[PDB]
A.B. asks: 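First the structure, which I've put down as structure tokens, then a few questions once you've had a look.
For this chain, numbers begin at 1 and follow the sequence in order. All values below were derived from every heavy atom in this structure, side-chain atoms included, with hydrogens, water molecules and symmetry-related copies excluded.
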Amino acid sequence: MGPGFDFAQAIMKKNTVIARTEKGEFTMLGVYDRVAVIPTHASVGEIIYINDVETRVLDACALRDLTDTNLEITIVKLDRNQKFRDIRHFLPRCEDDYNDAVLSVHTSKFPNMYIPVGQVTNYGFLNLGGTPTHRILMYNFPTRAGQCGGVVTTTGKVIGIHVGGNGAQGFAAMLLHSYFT
């Protein structure tokens, strides 16, 4: 509908796949080469389904900060025959707050879904499902089951992936450029 939705669509149309684990179907962001991200609660194993095709997992790393605190991001290298468009230049370098973000989801349950979530707070610490988590972004939208892995964007930046909510707020894990050197 406007330039925020334009940037979000451009990311969804080229840099997402549908990932299925034993814990559900997730929006999965491809970042560069065969490297993608997914919420750590997806419990990625040795095999994952990518657009309903059986795919070997070459590597999976559940990120933690240097205090050994959960970040809720798993970086996955896929045994896929095709590379993603490199979007690392759209990743922020530092923790920040944002205006006018969009959350975009693409699954069997929610195809072509886009949500203007408004202002995004650097929330920091969250007890996420009982697990102490750092580098959390918050937005005041009543996000639902089926939105985990959703991509959070502003114009020109890919800033996080949706990892949870409390019924009134939604929470995303930050993406930082330094995760993908």
A.B. asks: Starting at CZ of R34, measure out to CG of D79 and round the result to the nearest 0.5 Å.
C.D. replies: 6.5 Å
A.B. asks: CG of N15 to CD1 of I87: how many Å apart, nearest 0.5 Å?
C.D. replies: 4.0 Å
A.B. asks: Enter the distance from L66:CG to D68:CG here, rounded to the nearest 0.5 Å.
C.D. replies: 9.5 Å
A.B. asks: What is the distance from atom CG of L175 to atom CZ of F90, rounded to the nearest 0.5 Å?
C.D. replies: 13.5 Å
A.B. asks: Around atom CD of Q119, are there more than 12 heavy atoms from other residues, nucleotides or ligands closer than 6.0 Å?
C.D. replies: no
A.B. asks: Sub-3.5 Å donor-acceptor pair from the side chain of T21 to the main-chain atoms of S43, do we have one?
C.D. replies: no
A.B. asks: So, do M174 and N122 sit near enough that their side-chain heavy atoms are less than 4.5 Å apart?
C.D. replies: yes
A.B. asks: Which hydrophobic side chains are connected to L58, either touching it within the sub-4.5 Å cutoff or through other members that do?
C.D. replies: none
A.B. asks: With the side chain counted from C-beta on, respond yes when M28 and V37 share a heavy-atom pair under 4.5 Å apart, and no when they do not.
C.D. replies: no
A.B. asks: Measuring from atom CG of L137 to atom CD1 of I159, what distance do you get when rounded to the nearest 0.5 angstrom?
C.D. replies: 5.0 Å
A.B. asks: Given 3.5 Å as the limit, does a donor-acceptor pair link the side chain of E95 with the main chain of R135, or not?
C.D. replies: no
A.B. asks: To the closest 0.5 Å, what do you measure between CE (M113) and CE (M12)?
C.D. replies: 10.0 Å
A.B. asks: Distance under 6.0 Å and angle within 45° of the ring axis: does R88 meet both against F180?
C.D. replies: no
A.B. asks: Verify, without hydrogens or angle tests, whether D100 (side chain) and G118 (backbone) share a donor-acceptor contact under 3.5 angstrom.
C.D. replies: no
A.B. asks: Side-chain contact, heavy-atom cut-off 4.5 Å: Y179 with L91?
C.D. replies: no
A.B. asks: Test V163 against every option in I136, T133, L126 by the side-chain contact (heavy atoms from CB on, under 4.5 Å) rule and name the one that passes.
C.D. replies: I136
A.B. asks: Would you say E46 and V57 make side-chain contact, with heavy atoms under 4.5 Å?
C.D. replies: no
A.B. asks: Taking the side chain as every heavy atom from C-beta outward, state whether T143 and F171 have any atom pair closer than 4.5 Å.
C.D. replies: no
A.B. asks: With no hydrogens and no angle check, is any side-chain donor or acceptor of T55 less than 3.5 Å from a backbone partner on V53?
C.D. replies: yes
A.B. asks: Should the ring pair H162 and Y139 be called parallel, tilted or perpendicular, given that the plane angle runs from 0 to 90° and is split at 30 and 60?
C.D. replies: tilted
